[PDB]
Structure formats: structure tokens, C-alpha cells
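Chain and residue survey
What follows is the residue order along each chain.
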Amino acid sequence: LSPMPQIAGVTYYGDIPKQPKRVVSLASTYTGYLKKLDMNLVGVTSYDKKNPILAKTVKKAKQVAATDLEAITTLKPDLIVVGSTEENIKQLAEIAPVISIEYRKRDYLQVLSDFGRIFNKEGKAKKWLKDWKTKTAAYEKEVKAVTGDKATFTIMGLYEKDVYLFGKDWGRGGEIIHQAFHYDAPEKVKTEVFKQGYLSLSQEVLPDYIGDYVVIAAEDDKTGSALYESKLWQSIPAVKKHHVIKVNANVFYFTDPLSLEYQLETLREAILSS
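Residues numbered from 1 in each chain as written, not as in the entry; some residues may be left out. Heavy atoms only, no water.

As recorded in the PDB header, X-ray crystallography is the method behind this entry, and the stated resolution is 1.800 Å.

The name given to the protein in the PDB entry is Iron-hydroxamate ABC transporter substrate-binding protein FtsB, with the source organism recorded as Streptococcus pyogenes SSI-1.

See below:
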């Protein structure tokens, strides 16, 4: 039986096993945290299968959603991990013990040490957080020597015809840019995006939310076409100055340690080359 510590955002359904043998992850947000703690994942999400950093490590896991109850029963899990937003949690808890995580109650680093406490993997969690602390410190000085300590960054993402801004803690590299590198954002990003985490934005106002640098997440090359072709977009100083960092959403959606390792080298190299 897990000690099942009381942690903000963490709800247990049933008796969490001390050493889970057969974990089904239905939350793309947490799959890579479980993988980093070398837990055995027999099910994972479509997002995890599509994440080019994580997928290598979960080839053997079956792709499942919360709507695949019979398929999940057939995997015989001894633990299911979900986001608190998920459908069918009552039905999932009838299959196996559930850990349900309410997003944002613990930050991108705490989520790992929290799983460490739940699963008796506090050593692995601590070794990674130590090394993350070391490189992030060194990498911030390097990138700011290039940009200047005061340079503003905006995090944005594209999905079909949808445009979003992100703050410090909604992925797309905001955790590295704004937390790890301590980069400022433009005034309207601070007052209109940071608190709520994400903002669905009209294409038309993008210039008023972009200062020195913009990180733009997309799942493929074609999604950016019409925006990037537009006069409005080409009118942005950050665009003219080639201060756009286009990133692969299929890994940059996430904040698990494996995804972050890739995102940190990618962002560092993009800022240094600018």
C-alpha cells in the first residue's frame, strides 16, 4: 500500500499499490513523469504515442483513452493515472486504483518529486531535479548574454485556425522560458495571459503581445502558413528581426522530464543562434 501522502491537486481512488507493476496513463501531462521514474506503462495516450521524445520509451504500451474501458480492463492495470477533467473516473476506479491530478496545483518540478513521494522513487526524482537545477542556471546566463537580461519572450501556439498565447505554466516552452530562464514577457502577456495560463487570441492583435522574441508551437509545418504569409505578421518587429522560434508542439505541449530535456537544448540552441 502507498503511503498516499496528502498533496495539493492529488486525489486517490482506492488503495494505491506501494510498487505499481502495470500503470495505465490516461493523462499526457504526466506520462513522461511516470516514465522518468521508470514505472512500467502498459497503456498511454494518443498524445504520448505522437510525442517524438516519449514514444520511443512506450512502444510496448497500448494506445488508450478514458473511453476504451474494456481495452483498459484487458491491460489488467494495478494503477490508472488521470487528469481531474477526465470522463469516466468512477468507471476507471472500478478497474484499478486511480490517481487523479488537478492541473496547476503543483508546479512542473513539484509534480515529479510528488510522484517520487507516492511511488517510493524520491531518489530518482531528486537526481533529475539536481541536474535540471545545474543546467538551467548555466543555460540562463548563456541565453541572456545573447538577448540581454531584459529581453521579452511570448509563448504562442497554433492549432488549425486557433491562435493561443501561454504564460509561465501551460507548456509550449513557457516553463523553460519564463521559469527556468526567468525571461520577462510583454506587458499585455503579463496582465492578460499569465494568471489564467492560456488565452485564445484573435490573429489580428498578435503584434500587441509580442516584444523581443516569440516561441510558436505547432503540430506540423502547414498549420503556420496563412498567418506567417500575412502582412500583419510580417509587420511584427520580432518577425523582421528573425526572433521567431518555431517549435514542435508534439513534444512542446508537455513538461515531463524527458520532453523538457529536448525542449531545453532546442530553446537554448535557438536563442544562441538568433
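What to know about the nonpolar core
For soluble globular proteins, the rule of thumb is that nonpolar side chains tend to be buried together. How we decide: Here, nonpolar core means buried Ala, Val, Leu, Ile, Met, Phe, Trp, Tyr and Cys residues that are tied together by side-chain atoms lying within 4.5 Å of each other. Think of it in three bands: with a 1.4 Å probe and only protein chains considered, a residue is buried below 20% of the maximum accessible area for its type, exposed above 50%, and partly exposed in between. Residue ranges labeled as domains rest on an automatic or database domain assignment. Only heavy atoms matter for contacts: two residues are in contact if any of them lie within 4.5 Å across the pair.
Core analysis: the biggest nonpolar cluster contains 55 residues, and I99, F115, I118, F119, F153, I177 and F181 have the highest contact counts within it. Each of domain 1 (10-121) and domain 2 (145-273) accounts for three or more of the residues forming this core. The residues contacting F119, other than those within four sequence positions of it, are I16, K18, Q19, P20, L34, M39, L79 and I99. Core analysis: the second largest hydrophobic core is formed by 22 residues, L165, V193, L199 and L227 among them.

As for helix α6 (residues 122-147)
As a reminder, the rule being used: Note on conventions: DSSP H or I runs of at least 4 residues are helices, E runs of at least 2 residues are strands, and numbering of each starts at the N terminus. Multiplying one less than the number of residues by 1.5 Å gives the expected span of a helix.
Counted at 1.5 Å a residue, the expected span for α6 with its 26 residues is 38 Å, and the 36 Å between its end C-alpha atoms agrees. Three or more residues of α6 are buried, namely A125, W128, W132, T136, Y139, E140, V143, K144 and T147. Structurally, α6 contributes buried residues whose contacts are with α1 (31-36), α5 (110-119), β7 (153-159), α7 (174-180), β10 (213-218) and α13 (257-273). The first or second residue beyond α6 is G148, which carries a positive phi of 95 degrees.

Section: the pairing of strand β5 (residues 79-83)
For the record, the criterion: Strands pair, by our definition, only if DSSP identifies at least two bridges between them.
The element β5 is extensively covered by neighbouring structure, given that five of its five residues are classed as buried. The alternating pattern of β5 places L79, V81 and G83 and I80 and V82 on opposite faces, both of which are buried. Note: strand β2 (residues 23-25) against β5, three bridges, orientation parallel. Note that in β5 the partner of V23 across the bridge is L79. In the sheet, β5 pairs with strand β6 (residues 98-101) via four bridges, with the strands oriented parallel. Across the sheet, residue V81 finds its bridge partner in β6, namely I99.

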